[PDB]
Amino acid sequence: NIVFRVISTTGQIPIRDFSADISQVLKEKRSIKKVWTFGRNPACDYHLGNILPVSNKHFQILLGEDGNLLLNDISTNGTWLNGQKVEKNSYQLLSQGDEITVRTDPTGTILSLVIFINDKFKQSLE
């Protein structure tokens, strides 16, 4: 079952779905049940592309115990959530339809991703 889905507005990077086994999630002891990373390094879960001012590991999305998602900026050049730059190494709550934005040029072009959160997974407390 899918936790959330990530859509590109410009559309250079097709839709990506991110899932998690609900068995293995409840078996986890830690308050952070799963982590996805987004960055220039294709080792990441989501490749933001080989754009140099994008950090190799630029931000992470964390699945909380509550079933909610958190955004961790871990980047050199910053990460914007609904057009406001989040504090680096902080943990911000992701709401439905939120827009995560990173810088690509010094000219002020952007890469922009939108989170679509599957409510059926959250409610799936089986």
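When you see a residue number, it is the position in the sequence shown, counting from 1.
Averaged over their C-alpha atoms, the temperature factors of 18-26 and 112-120 are higher for 18-26. Legend: mean Cα B-factor per stretch from the PDB entry, 7-15 versus 102-110; the higher mean is in 102-110. Per the PDB entry, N68 shows the highest C-alpha temperature factor of the residues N68, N72, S55, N82. Listed residues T37, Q96, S90, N50 were ranked by CA B-factor as deposited; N50 comes out on top.
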